[PDB]
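Each remark here refers to the structure printed beneath this line.
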Amino acid sequence: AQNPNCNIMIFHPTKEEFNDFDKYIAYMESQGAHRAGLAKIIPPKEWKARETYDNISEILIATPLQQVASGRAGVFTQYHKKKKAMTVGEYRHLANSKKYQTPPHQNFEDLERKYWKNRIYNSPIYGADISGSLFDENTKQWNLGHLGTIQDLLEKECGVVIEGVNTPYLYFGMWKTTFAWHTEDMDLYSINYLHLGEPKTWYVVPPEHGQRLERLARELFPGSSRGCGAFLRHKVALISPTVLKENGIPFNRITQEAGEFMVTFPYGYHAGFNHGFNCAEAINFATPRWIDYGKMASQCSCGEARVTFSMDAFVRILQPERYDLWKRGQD
Ligand SMILES: O=C(O)CNC(=O)C(=O)O
Ligand SMILES: [Mg+2]
Ligand code: NI
Ligand SMILES: [Zn+2]
């Protein structure tokens, strides 16, 4: 069995290997990459996403989100307070202001220490989930707006034709902006490209050990767990590496830098934070190996998780017994 310790693997495809996206995902899995829940892919030196980022300041962040924490430094939830619209140029200036800018630090490890010590005492503002793309239309390799769709994968594997679409999303971050512990909708894959700016640190639990994280989360967030049998789908809970280690939860960590891709694998729980002003693009995708995870994915039916239009068909076809309850939670 490849990668039995479930380490995060880093890949350096050649320009030739970068042509066929599906084939390369399958290659990484042949080497055991999925066992970690997360892999890094460094593009060949010949590749670029677009020519320059000199022209992005006019993108609008219609609903910036202030991420307000509650709890203790290592075990907390966050809620999102909506703020007035601003441009990417305005948001960049805000990220670089004395109130929000990255503190002086020695290295990524010192900054990680500072994040976990101090995160709860600040409320950083995140531009999340903005439909759009920064890949040039002429970029043919690993262009996240030109991937094969999840609807087409489901049709190819299962024969059924369904409604829905699958487009990318932009994320604008600042110091301490946080992504809570989660798997993807329907335990899909994700791919994330860091277009520009400061790094993103990731934490991940191997898929084979995801239920260990769920059981700890129920213990640590006991009111939330009574409210909903899949409350991690709410995407509000944070648990630090120190607390994970105290409780024996297997996990790994890695820092993504500008120009790098990360792939999350089905049922790979992940969380993390941004080091400073940055911009990422991400989208969900599927392969044949996903279908069994989609059929078994948990679902939130309490009303909180609320998701895209396109998840309806996935539930309806893969999880018909759960469909009526889940759709009530949508309505
Ligand atoms: O970058 C972020 O804030 C969150 N991204 C992801 O969870 C992802 O790409 O799957
Ligand atoms: Mg612009
Ligand atoms: Ni994710
Ligand atoms: Zn719920």
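The analysis underlying the following values was restricted to heavy atoms, covering all of them including side chains, and did not include hydrogens, waters or symmetry mates. For ligands, and for the atoms within them, numbers begin at 1 and follow the listed sequence. For reference, positions follow the sequence shown, starting with 1.
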Exercise. Short list, please: which atoms of ligand 1 are under 4.0 Å from a heavy atom of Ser190?
Worked result: 8 (C), 9 (O), 10 (O)
Problem set entry | Those atoms of ligand 1 less than 4.0 Å from some heavy atom in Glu184 | 10 (O)
Problem set entry | Residues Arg233, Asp187; criterion salt bridge (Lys or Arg N to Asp or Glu O under 4.0 Å); working and verdict | CA-CA 10 Å; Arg233 295 282 168 209; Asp187 296 346; 2.9 Å; yes
Problem set entry | Shortest protein heavy-atom distance from atom 6 (C) of ligand 1, along with the residue and atom involved | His270 NE2, 4.0 Å
For this session: Could you tell me whether the side chains of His209 and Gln211 share a donor-acceptor contact shorter than 3.5 Å?
Result: no
Exercise. Quick one: which of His275, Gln256, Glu112 gives a side chain to side chain donor-acceptor pair (under 3.5 Å) with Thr201?
Worked result: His275
Exercise. Given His195, which of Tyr53, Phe172, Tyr171, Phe277 fulfils the ring-ring contact (aromatic ring centres under 6.0 Å, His included) condition?
Worked result: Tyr53
For this session: Pull out every atom of ligand 1 sitting under 4.0 Å from any heavy atom of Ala282, numbered as shown with elements.
Result: 9 (O)
For this session: Take every heavy atom of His182, measure it against each atom of ligand 1, and state whether any distance is under 4.0 Å.
Result: yes
For this session: Indicate, as side chain, backbone, both or neither, the part of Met262 found under 4.0 angstrom from ligand 1 when only non-hydrogen atoms are considered.
Result: neither
Problem set entry | Degrees at the Zn ion (ligand 4) between the SG atom of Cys300 and the NE2 atom of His234, nearest 10° | 110°
Exercise. Per the ring-ring contact (aromatic ring centres under 6.0 Å, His included) rule, which among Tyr115, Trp202, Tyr126 passes with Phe273?
Worked result: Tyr115
Exercise. Purely on distance, is any nitrogen or oxygen of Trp202 under 3.5 Å from one on ligand 1?
Worked result: no
For this session: Heavy-atom contacts with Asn192 under 4.0 Å: which atoms of ligand 1 show up? List them by number with element.
Result: 1 (O), 5 (N), 9 (O)
Exercise. Can you list the ligand 1 atoms lying under 4.0 Å from a non-hydrogen atom of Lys200?
Worked result: 1 (O), 2 (C)
Problem set entry | Ligand-side contact atoms (ligand 1) for residue partner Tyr126, heavy atom cut-off under 4.0 Å | 1 (O), 2 (C), 3 (O)
For this session: May I ask you to say whether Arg316 pairs ionically with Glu163, meaning some side-chain N is under 4.0 Å from a carboxylate O?
Result: yes
Exercise. Do you reckon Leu318 sits in the same ILVMFWY cluster as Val315, going by side-chain contacts under 4.5 Å, direct or chained?
Worked result: yes
Problem set entry | Given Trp47, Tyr24, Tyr189, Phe11, the one that forms ring-ring contact (aromatic ring centres under 6.0 Å, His included) with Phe261 | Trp47
